[PDB]
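sequence-free structure coming up:
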Ligand SMILES: NC(=O)c1ccc[n+]([C@@H]2O[C@H](COP(=O)([O-])OP(=O)(O)OC[C@H]3O[C@@H](n4cnc5c(N)ncnc54)[C@H](OP(=O)(O)O)[C@@H]3O)[C@@H](O)[C@H]2O)c1
Ligand SMILES: O=C(O)COc1cc(F)ccc1C(=S)NCc1ccc(Br)cc1F
Ligand SMILES: [Br-]
């Protein structure tokens, strides 16, 4: 089953293409190839600085009639410096303009924390701490709801929200639209059982980011754990005549998660999509879950004192 039903009534492809770190001179081809080989979901963000180039690909494939717009599921995210009532619509509109779209399928609050507006994505004080905004996650959520009512987005959701932050949203006085998705880091070294069960219990679909462990993250260190090189995961892959990446992508799929592996390599884009013709056993699944080490690749010291930093 290639799509999962969201609490807004729309269906979301369980496999998408990630675009963080995809170079602007490679991402247009990456997205073109992805659509040609079957991808229907692209995960984007304004902070990734490549939405224009992603958009060139989407638009060309729509113009070529490779795909219809209704068949695509395009996701983007509101950056931290736009949490303000008066900035949310324009931030969404910039993303739409760049992506060459008239609506998004899903728009996420990228991180729960708001930062001081301005040119800089991470405004810092003189001692290196991020400069917060005073706007909370409830007022930012109201601004997201307006986007649904204005036709700019079909669904809204959240990303990197912890259990208490999700609960805050769900308990919002006058809540109009529930979050459809919570997009969080998830892989065998950070299995997220507690947060996933909470979200799923509330009808919120979870998307797993960095499912391969983000080996290209800029802050990687040579001796960090490596999922793709873990011999235990290689052994499960060999047993199934699949690659390690294919196992790492199928794993979240069988947990009823959406998953968004990134690649700019055409052969790997195609490889990564060939995950609908095999099944991990229950024993395989439990074995992969057993590798949890609470190892989080996406975290940021400069933001750890923000009142809404999620990983405290
Ligand atoms: N919401 C958030 O805060 C948040 C945070 C992090 C990530 N995300 C989203 O999640 C996406 C995926 O996470 P990620 O980019 O951190 O990392 P990832 O998807 O876990 O790993 C990407 C890395 O794996 C490599 N790779 C891909 N397929 C491979 C294969 N078959 N064999 C070997 N290596 C392979 C890629 O290399 P090449 O590209 O060189 O092929 C790239 O270096 C992001 O791009 C972004 O869209 C969201
Ligand atoms: O964020 C992504 O999608 C992928 O990561 C990034 C992608 C970018 F284009 C720029 C920075 C990040 C960083 S550094 N993200 C971590 C991060 C940001 C904000 C807060 Br609150 C906490 C935190 F941990
Ligand atoms: Br945050």
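Now that the structure is in, tell me what you want to look at. Numbers count the residues shown, from 1 in each chain. Ligands and ions are numbered 1, 2, ... in the order given.

Surely residue 299 and residue 311 touch.
Yes - using C-beta atoms under 8 Å, residue 299 is in contact with residue 311, at 5.8 Å. For the C-beta atoms, the positions are set from N, CA and C on the backbone; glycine is no exception.

okay, now the residue nearest to residue 242 when sequence neighbours are not counted: neighbour count?
If the residues on either side of it in the chain are set aside, residue 242 comes closest to residue 278, at 6.0 Å by C-beta to C-beta, 6 or more residues apart in numbering. Residues near residue 278, counting by other C-beta atoms under 10 Å, number 12.

Kindly report the same for residue 255.
By other C-beta under 10 Å, the residues close to residue 255 number 19.

so who does it touch?
Contact analysis of residue 255 by C-beta atoms under 8 Å, 6 or more residues apart in numbering lists 196, 285.

Swap in 10 Å and give it another go.
Contact partners of residue 255, counting by C-beta atoms under 10 Å, 6 or more residues apart in numbering, are 186, 191-193, 196, 200, 206, 208, 285, 288-289.

Report whether the expected contact of the residue nearest to residue 242 with residue 251 is present.
No - Residue 278 lies out of contact with residue 251 (C-beta atoms under 10 Å); the separation is 11.7 Å.

Return the member of the contacts of residue 255 nearest to ligand 1.
residue 208 (8.3 Å; C-beta to the nearest ligand atom).

Help me confirm that that closest one is found in a strand?
Yes - assignment of residue 208 by DSSP: H, G, I helix; E, B strand; the rest coil places it within a strand.

And the residue of the stretch 51-200 of the chain found nearest ligand 3, how close does it get to residue 199?
Minimum separation of the stretch 51-200 of the chain from ligand 3 (C-beta to the ion) falls at residue 113, amounting to 3.1 Å. Counting by C-beta to C-beta, to the nearest Å, the gap from residue 113 to residue 199 is 19 Å.

What of residue 13?
If you go by C-beta to C-beta, the gap between residue 13 and residue 199 works out to 19 Å.

just to revisit the earlier point, which secondary structure element contains the residue nearest to residue 242?
If you go by DSSP states H and E, residue 278 is not part of any helix or strand.

Could you pull up the residues touching it?
240-242, 246-247, 250.

next one: residue 242
236, 248-250, 271, 274-275, 277-278, 280.

Quick one: buried ones out of those residues?
Buried by 16 or more other C-beta atoms under 10 Å: 236, 248-250, 271, 275, 280, out of those.

ok, of these, which one's closest to residue 66?
Residue 66 lies nearest to residue 271 out of the buried ones among the contacts of residue 242, by C-beta to C-beta, at 20.2 Å.

That closest one sits in which helix or strand?
Assigned by DSSP H and E, residue 271 falls in helix 266-273.

picking that back up, between residue 299 and residue 311, which contacts overlap?
160, 185.

Distance check, residue 58 against residue 157.
Distance of residue 58 to residue 157, computed by C-beta to C-beta: 20 Å.

Same drill for the two, tell me which one is more crowded.
Each of residue 58 and residue 157 has its neighbours counted (other C-beta under 10 Å); residue 157 has more, 27 against 23.

For that one, which residues are in contact?
6-8, 75, 77, 106-109, 144, 169, 177-183, 204-205, 207.

Out of those, which sit inside strands?
If you go by DSSP state E, these have 75, 77, 106-109, 181-183, 205, 207 in strands.

just to revisit the earlier point, elements contacting the helix holding residue 271?
Counting contacts by 3 or more C-beta pairs under 10 Å, 6 or more residues apart in numbering; DSSP states H and E, helix 266-273 packs against helix 24-37, helix 244-253.

Farthest-apart pair in the contacts of residue 278, please.
Pairwise distances across those peak at 12.7 Å for 241 and 250 (criterion: C-beta to C-beta).

who's in contact with residue 135?
Neighbouring residues of residue 135 by C-beta under 10 Å, 6+ apart: 82-85, 87-88, 113-115, 117, 143, 308.

I misspoke; the intended subject was residue 300.
By C-beta under 10 Å, 6+ apart, residue 300 lies in contact with 111, 113, 122, 130, 219, 306, 309, 311.

Now the third one: phi and psi?
With angles defined as degrees, to the nearest 10, residue 122 shows backbone torsions of phi -130, psi 80.
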